[PDB]
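One line per chain: the protein sequences are C and G, in this order.
Under the working numbering, the first sequence has 154 at position 154, and the numbering climbs by one with no breaks.
Every number in the working numbering is 426 more than the matching position in the second sequence, counting from 1.
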Amino acid sequence: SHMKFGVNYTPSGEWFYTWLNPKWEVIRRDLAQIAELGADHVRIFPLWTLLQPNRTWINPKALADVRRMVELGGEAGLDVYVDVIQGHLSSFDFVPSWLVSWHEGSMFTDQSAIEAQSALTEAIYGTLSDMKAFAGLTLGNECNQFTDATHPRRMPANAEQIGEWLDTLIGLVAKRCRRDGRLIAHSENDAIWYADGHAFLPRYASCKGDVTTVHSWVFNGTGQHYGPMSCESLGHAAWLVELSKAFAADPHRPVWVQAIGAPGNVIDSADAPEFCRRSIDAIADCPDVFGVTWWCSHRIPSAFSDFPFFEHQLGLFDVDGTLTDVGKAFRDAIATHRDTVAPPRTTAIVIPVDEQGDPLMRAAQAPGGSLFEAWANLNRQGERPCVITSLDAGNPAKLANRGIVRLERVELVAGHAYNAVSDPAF
Amino acid sequence: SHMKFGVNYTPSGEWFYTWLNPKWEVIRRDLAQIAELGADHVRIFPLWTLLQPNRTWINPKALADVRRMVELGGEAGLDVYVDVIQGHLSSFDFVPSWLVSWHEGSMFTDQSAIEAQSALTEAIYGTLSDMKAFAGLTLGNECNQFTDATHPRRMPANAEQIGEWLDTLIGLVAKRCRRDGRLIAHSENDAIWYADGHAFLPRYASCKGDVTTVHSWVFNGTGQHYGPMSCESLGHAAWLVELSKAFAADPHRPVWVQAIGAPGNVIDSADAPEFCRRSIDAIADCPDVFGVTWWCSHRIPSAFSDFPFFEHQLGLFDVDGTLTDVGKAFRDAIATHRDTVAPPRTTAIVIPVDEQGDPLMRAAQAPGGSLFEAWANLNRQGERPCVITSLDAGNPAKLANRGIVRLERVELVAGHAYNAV
Ligand SMILES: CC(=O)N[C@@H]1[C@@H](O)[C@H](O)[C@@H](CO)O[C@H]1O
Ligand SMILES: CC(=O)N[C@@H]1[C@@H](O)[C@H](O)[C@@H](CO)O[C@H]1O
Ligand code: NA
């Protein structure tokens, strides 16, 4: 099992505002730059407001521009994954006018909105279905943030409705994807792992869609509470990988670290290269990792305002296309880990779950929680821990299937370090 | 004093979603159709989300597309008025990501947002300043709806802050407009005239900017309470014209009926042509009317969803491009009233106001109110009433300046018909 290595593509010069009038020669250079790092894929992000400005009209020009960006990715030698619904990017919401204010509604429970997102998922897949470089689709970037209790314009949903939303949209394309050789996934931020009462449940990420996605951001309280270059912080992405597997029905389901960056609000810019290198060392020591997709390709121009300041500095390339120090670190990490194979992990911490396989207390596996710290401490001691649920602890078939020979039990104690946002202003 | 006649331009085929990828040959045909009616101007509506996707970046392609649309209006023989901030159109809000949810803010009070709207106003004027067909700008369509308490995502402001917002944005371009021969205006929905407690005040519409704008929509309770083809309904636009003048410092300031339609949620479709004709008859008998701008040019395609159903039928041309019966009525109204000059109105009903010139009770001038009905009843009787405030009533200079020789005082009685949506 060998990891893919890719980059989340932020267009240079105009960011995602480039979709209004893409500068195709710049986008061509951007993607060639990414390929020259040794990346094998990119993840790209069209805007929902431009794709679907009316509930029952999808803009053909927006679809054609997505196709053109995929085409240029292929011409650079990259596989291209497309996120369908943004939705949310870098602290900003892009919600079409037919779901705001006078037309406020929940994308998760309004049947007419669900039908619209279904039409959009089918239109994106159908537009791209003939492209050799089109590698797969994700429903959208961290869509669960819209339903969290923290959201200022929350779209309500209970957990059963979220399950139906995922099943509906994934089920539109899952059969096509498997027959065509493409991937279908969905993406939640870490509230799915950490926030008690959150309507997206851990098993949804680990059982629905073809691969589990995790987005690893140590500004979530981990870097603040333990230190930016602590083992808890450097190992955070590996923790999410191993945590997610506890909730998977498939004992070797791949886990995609679909976004990870070195955020300057907690990690000193001089440490970001080492953070990159050592975070990927830790990821590479987890079996069945689908790939690592760094956030992000290009710095945000300083002309653009209201981003959390660190978001500007996340790029592997600066605004002119020059490689940054983190870019150099990621390039070297790809070369280092192209054929790293991780050995099985055989000591498991046990997460108490209910009869449906859901955590009794997600706060216990959040930064500062008893389960979070049990894993981190076994990790620091060199024991390479994995994670199972209490239900599977009594299932020798799955245990033997994963090669687990030792169990570690701890009680639930909530952590209080978790940050649901990236910046104090939110 | 002669009226201009124009149309609010809704692009055929794709509505304002056309701004994503304008079909310029279709837009050229749209504007040629409008000119063939005998219209002399159009009002057009760029989208804020496309113009200013970041607080400190205005999209040059969006500016250039506005310029191209103005150019084609001129080539069709039309003057083009541009609304800067949409903002709000036909029940939908278009608010950039940097002012919503995690970035929620008030366009009326957040200084950084005010500076962004200032940059956008200057960029629109500067982009269009060399265009012969560019006739003027309005800050945006019914922007006050964002601060109304009825709005589900309200942008708060008190009346003093609204006044400063207007003064700030208008003052950016007012001198340039006067020097270049163009107009600067702002636009509120009728909450400014009717909604007690609303932070936009009547005198703002009648004193700030170069001309008063009124948008006349009888689904506001007038048609429901009196009947869609009652004199109260047919005269509602003329009423807004004459009511607005009471709060104007300038005794001959022009009043622009900048939007008026025959909404099918209260007016039977078979009656809409007569509603058009007779509403304009009443408007044409008010002096100092800048113009009448019908809502709207082209019907919204039935493929588009979530509009109030009546919005689909407001266009003068059908989805196939054929002239509707209301379009024929508007075309004939232009021919009828191109050279109508309204004589002075000399009998005034008096609006009690406080020392700042604000109504003591806006509900009394709202549908169902005593002042609203006193005007409609005098107009129905052929008395051609105008409107002054109680402050005016003890100012012989202004009274003489407007030619007012008779006053009618009426006791305040609140109306209850007003619909804010
Ligand atoms: C409002 C806010 O800051 N949201 C951020 C989001 O932009 C980011 O993608 C995510 C990563 O986990 O973390 C959230 O807290
Ligand atoms: C939410 C809603 O219906 N808003 C409408 C607005 O679209 C219309 O332009 C205006 C005309 O006066 O009346 C408001 O009530
Ligand atoms: Na529960």
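The beta carbon of each residue, even a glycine, is placed where N, CA and C say it ideally should be.
Top-ranked residue by Cα proximity to residue i, from the options
i                         : options                                : result
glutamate 737 of chain G  : G:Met429, G:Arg454, G:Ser516           : G:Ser516
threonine 49 of chain C   : C:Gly415, C:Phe92, C:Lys23             : C:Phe92
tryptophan 720 of chain G : G:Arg469, G:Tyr443, G:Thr444           : G:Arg469
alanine 549 of chain G    : G:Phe534, G:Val492, G:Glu586           : G:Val492
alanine 761 of chain G    : G:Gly464, G:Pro822, G:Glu781, G:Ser438 : G:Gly464
residue 428 of chain C    : C:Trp19, C:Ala32, C:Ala417             : For chain C, the structure presents residues 1 to 426; residue 428 of chain C sits outside this window and is missing.
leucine 598 of chain G    : G:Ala583, G:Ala575, G:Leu565           : G:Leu565
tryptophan 217 of chain C : C:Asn379, C:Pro367, C:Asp306           : C:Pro367
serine 427 of chain G     : G:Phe534, G:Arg764, G:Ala559           : G:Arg764
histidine 151 of chain C  : C:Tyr204, C:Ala191, C:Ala259, C:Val82  : C:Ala191
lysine 61 of chain C      : C:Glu25, C:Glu36, C:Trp19              : C:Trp19
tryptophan 24 of chain C  : C:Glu164, C:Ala64, C:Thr346, C:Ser422  : C:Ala64
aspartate 744 of chain G  : G:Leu825, G:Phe560, G:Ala542, G:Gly439 : G:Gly439
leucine 47 of chain C     : C:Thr127, C:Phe426, C:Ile85, C:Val413  : C:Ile85
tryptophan 57 of chain C  : G:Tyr443, G:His678, G:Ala708           : G:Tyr443
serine 129 of chain C     : C:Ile162, C:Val70, C:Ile170            : C:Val70
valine 718 of chain G     : G:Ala759, G:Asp780, G:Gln782           : G:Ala759
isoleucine 709 of chain G : G:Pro582, G:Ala664, G:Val526, G:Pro677 : G:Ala664
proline 778 of chain G    : G:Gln739, G:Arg629, G:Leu838, G:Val767 : G:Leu838
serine 279 of chain C     : C:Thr347, C:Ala303, C:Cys231           : C:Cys231
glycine 261 of chain C    : C:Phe200, C:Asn54, C:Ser422, C:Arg68   : C:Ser422
Residue-level contact to chain G via CB, residue i, 7 Å cutoff
i                            : result
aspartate 110 of chain C     : no
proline 152 of chain C       : yes
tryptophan 48 of chain C     : no
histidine 337 of chain C     : no
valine 100 of chain C        : yes
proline 22 of chain C        : no
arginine 55 of chain C       : yes
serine 187 of chain C        : no
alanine 303 of chain C       : yes
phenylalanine 426 of chain C : yes
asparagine 220 of chain C    : no
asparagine 144 of chain C    : no
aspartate 306 of chain C     : yes
Beta-ladder partner(s) of residue i, from DSSP
i                            : result
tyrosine 81 of chain C       : C:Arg43, C:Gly136
residue 856 of chain G       : Within the shown structure, residues of chain G are numbered from 427 to 847, placing residue 856 of chain G beyond reach of any answer.
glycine 291 of chain C       : C:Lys4, C:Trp256
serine 642 of chain G        : G:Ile686
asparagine 54 of chain C     : C:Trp57
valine 353 of chain C        : C:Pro359
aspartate 519 of chain G     : G:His514
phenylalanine 317 of chain C : C:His298, C:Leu323
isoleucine 610 of chain G    : G:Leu563
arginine 832 of chain G      : G:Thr773
Cutoff 7 Å: residue i Cβ touching any chain C Cβ
i                            : result
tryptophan 643 of chain G    : no
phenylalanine 736 of chain G : no
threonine 564 of chain G     : no
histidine 529 of chain G     : yes
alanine 490 of chain G       : no
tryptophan 445 of chain G    : no
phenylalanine 518 of chain G : yes
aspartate 616 of chain G     : no
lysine 487 of chain G        : yes
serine 523 of chain G        : yes
Whole-number beta carbon distance between residue j and residue i, since they are thought to touch under 8 Å
i                         : j                            : result
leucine 660 of chain G    : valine 813 of chain G        : At roughly 18 Å, the Cβ-Cβ gap does not stay under 8 Å, so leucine 660 of chain G and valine 813 of chain G are not in contact.
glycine 221 of chain C    : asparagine 419 of chain C    : 4 Å
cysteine 712 of chain G   : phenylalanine 756 of chain G : Contact flag wrong, Cβ pair sits at about 18 Å.
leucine 137 of chain C    : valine 82 of chain C         : 5 Å
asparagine 189 of chain C : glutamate 142 of chain C     : 4 Å
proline 343 of chain C    : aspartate 288 of chain C     : The Cβ separation is near 12 Å, so there is no contact.
heavy atom of ligand 5 below 6 Å from residue i C-beta
i                         : result
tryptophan 217 of chain C : In the structure on display, ligand 5 does not appear, and the ligands it does have are ligand 1, ligand 2 and ligand 3.
For review: beta carbons within less than 7 Å of any heavy atom in ligand 3: C:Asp354, C:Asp358
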